[PDB]
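Chemist: Position 20 (the sequence shown) corresponds to 36 in this note's numbering; numbering is contiguous.
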Amino acid sequence: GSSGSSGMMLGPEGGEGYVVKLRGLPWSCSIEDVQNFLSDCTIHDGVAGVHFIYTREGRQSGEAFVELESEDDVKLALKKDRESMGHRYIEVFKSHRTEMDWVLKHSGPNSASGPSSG
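(1) Can you tell me the Cα-Cα spacing of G27 and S111, whole angstroms?
(2) Using the rule of at least 16 other Cβ atoms within 10 Å of the residue's Cβ for burial, across every protein chain shown, is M116 buried or exposed?
(3) Are the region 69-85 and the region 38-46 in contact at 8 Å, needing three or more beta carbon pairs?
(4) Under 8 Å Cβ to Cβ from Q51, same chain only, skipping five residues before and after it: list those, please.
(5) So if DSSP puts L38 in a beta bridge, which residue, or which two residues, is it bridged to?
(6) Span of the beta strand (DSSP E) holding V66?
(7) Measure the Cβ-Cβ separation of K96 and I106 and say whether it is below 9 Å.
(8) Pick out whichever of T71, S123, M101 has its Cα sitting closest to the Cα of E48.
(9) Take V108 and list the residues in its own chain whose beta-carbon comes closer than 7 Å to its own, dropping the five residues that flank it on each side.
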């Protein structure tokens, strides 16, 4: 059985990690709501594992990524799909880390075309 991306540099950068994207979150959604929402999941670094998505203006688009500890967590998170958080509905989306990185760098109200280098 060949599963789990141990690690590789050559070819397609293999630096992804168990992550999930939550949509439909309330404009007042806080790391806490997420942590409890994905209880069945073991978020990595807890609060230090949740990444909310913002617009170029500085608002809460609703999207919010969340890092996990292991694979199982991912499969479990996907179970919280079309869920109900507080007074709204939440939608889980299977995503990797390498992605949550770009989606963020180019999400907040302050991007400035990423870093100087280019």
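Think of the CB as a built atom: it goes at the ideal place given N, C-alpha and C, for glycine as much as any other residue.
Modeler: Inspection of the coordinates gives the following:
(1) Counting from 1 along the sequence shown, the entry for residue 27 is found at position 11. Counting from 1 along the sequence shown, the entry for residue 111 is found at position 95. Near 20 Å, if we compare the C-alpha coordinates of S111 and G27.
(2) For the purposes of this step, residue 116 is taken as residue 100 along the sequence shown, with counting starting at 1. Buried, by the Cβ-count rule.
(3) Three or more Cβ pairs drawn from the region 69-85 and the region 38-46 lie within less than 8 Å of each other, which places the two stretches in contact.
(4) Residue 51 sits at position 35 when you count from the first residue of the sequence shown. Cβ within range, chain order: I59, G62, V63, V66.
(5) Position 22 of the sequence shown, counting from 1, holds the residue named residue 38. DSSP output for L38 lists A80, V108 as bridge partner(s).
(6) Locating residue 66 in the sequence shown gives position 50, where the first residue counts as 1. It spans 66-70 - the beta strand (DSSP E) in which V66 sits, taken as one unbroken run.
(7) As a position in the sequence shown, residue 96 is number 80, starting the count at 1. As a position in the sequence shown, residue 106 is number 90, starting the count at 1. Closer than 9 Å, so yes.
(8) As a first step, residue 48 is located in the sequence shown; it is residue number 32 there, counting from the start. For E48, the nearest C-alpha among the options comes from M101.
(9) Here residue 108 refers to the residue found at position 92 when the sequence shown is read from its first residue. Excluding positions up to five away in sequence, the list reads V36, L38, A93, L94, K96, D97.
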